[PDB]
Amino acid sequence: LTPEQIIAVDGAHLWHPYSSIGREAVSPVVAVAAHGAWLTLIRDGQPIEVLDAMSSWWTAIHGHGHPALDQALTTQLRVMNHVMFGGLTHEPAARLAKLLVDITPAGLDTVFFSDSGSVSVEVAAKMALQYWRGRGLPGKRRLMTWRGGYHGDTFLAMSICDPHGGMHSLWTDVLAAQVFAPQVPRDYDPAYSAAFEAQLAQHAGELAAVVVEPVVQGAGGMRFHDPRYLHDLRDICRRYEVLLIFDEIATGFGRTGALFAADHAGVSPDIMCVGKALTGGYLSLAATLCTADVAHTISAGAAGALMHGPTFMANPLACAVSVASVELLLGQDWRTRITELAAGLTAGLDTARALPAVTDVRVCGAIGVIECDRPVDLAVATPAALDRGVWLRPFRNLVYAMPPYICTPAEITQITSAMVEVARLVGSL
């Protein structure tokens, strides 16, 4: 198909994320190639190279078509594409499980593989519910979180997403009614944690778990909070016997400047989800980890098992690339890489603070955010960034980047320059 044929088919037949059919303000841009930090996109019938400043939605940490990850895929392809995980096991699952339990916060000793972040969140919720049932406390079935969060799009996942951002108006009484604390502030405020505890105390007997994104809330608004809150959450959860679940689907694998965002606080959750960067952005794969105690309590309960088992559970191909992606990350000085990346974002985004439409500029590891005073118009922003050789996709009032770890200092400055120019335009109407 030609780019124009692809556009025709797409407009008629393809749903996009959170999109309409037939009512799109802009056609999607055709992508024809991806290599390293660069995408080849079609603009006015001509191919252009632009930087993937979004890491293709947080996924492409090593960039596209990395030889180590390509080779990992083709090597696994040559022996075994997939077998069912019911009754069989294999080397890719075992290797990845071994790696994951070694590098995640201490105590996370078992691994349940699934195909997407949303599913891994539901698995985590199931683990928590079956846990309490194994303890003779089936009343403990609700979840608690803070506002501003995002945990995926399946119906249990939605129930703990920010109610305003996810227009929960659309749903309910179909959505489960969960417990929400106020938005967690950026700066540490002991009063917030005290009120969180007081709220939790009122519901402790009906709560299976607190579920939060640690340090960075992604799709809910690219907000950062002080890691000390996570220490408070751990303590509250321990004292009130509520499980603590960290959703690290966006934050995992070095993105915030630590291997996992929990590491900024030295905190171990009872249950943890990982996903987006797990395969280096090649294939869908997620994992839910839990402690030995959680696993043994579920296993000793009425069901005798965790009642979940996706078709492609522990897919050999996905597990193989993920093994290579994690090993590639661990085999280099990733911490220095991310620190340098953050310094580049900070230096490059500084001039945005003085722009009329800009409310905040914030950086946390390989995450750079310009917060504007109005919703960013994509019909203006997207082509403006493409004119500057960068793929940017703002959402709501945010012009942001989560660049691949392989971006050079020059590439980071090109990315931040484009973000600055988009923000300048936002203040021009």
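Numbering starts at 1 and follows the sequence shown.
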Exercise for the section: Compare the other PDB entries of this protein and indicate whether residue 410 is left unmodelled in at least a third of them. Expected result: no
Handout entry: Unresolved residue 420 in a third or more of other entries flanked by modelled residues
Key = no
Completion exercise
Going by the entry, of stretches 372 to 380 and 357 to 365 the one with greater average Cα B-factor is 372 to 380
Exercise for the section: With reference to the PDB entry, specify whether the mean Cα temperature factor is higher for 44 to 52 or for 65 to 73. Expected result: 44 to 52
Fill in the blank from the handout: Entry record, C-alpha B-factors for 299, 114, 322, 145; the maximum is at 299
Practice task
Kindly indicate the residue among 123, 177, 249, 215 with the greatest C-alpha B-factor in the PDB record.
Solution key: 177
Exercise for the section: Can you work out whether the C-alpha temperature factor of residue 60 puts it in the lowest, middle or highest third of the chain? Expected result: lowest
Exercise for the section: Ordered by C-alpha B-factor within the chain, which third holds residue 88? Give me lowest, middle or highest, please. Expected result: lowest
Practice task
Sort the modelled residues of this chain by their C-alpha B factor and say whether residue 339 lands in the lowest, middle or highest third.
Solution key: middle
Exercise for the section: Among all modelled residues of this chain, ranked by Cα B factor, put residue 418 in the bottom, middle or top third, i.e. lowest, middle or highest. Expected result: middle
Problem - Cα B factor band for residue 268 (lowest, middle or highest third within the chain) - result: middle
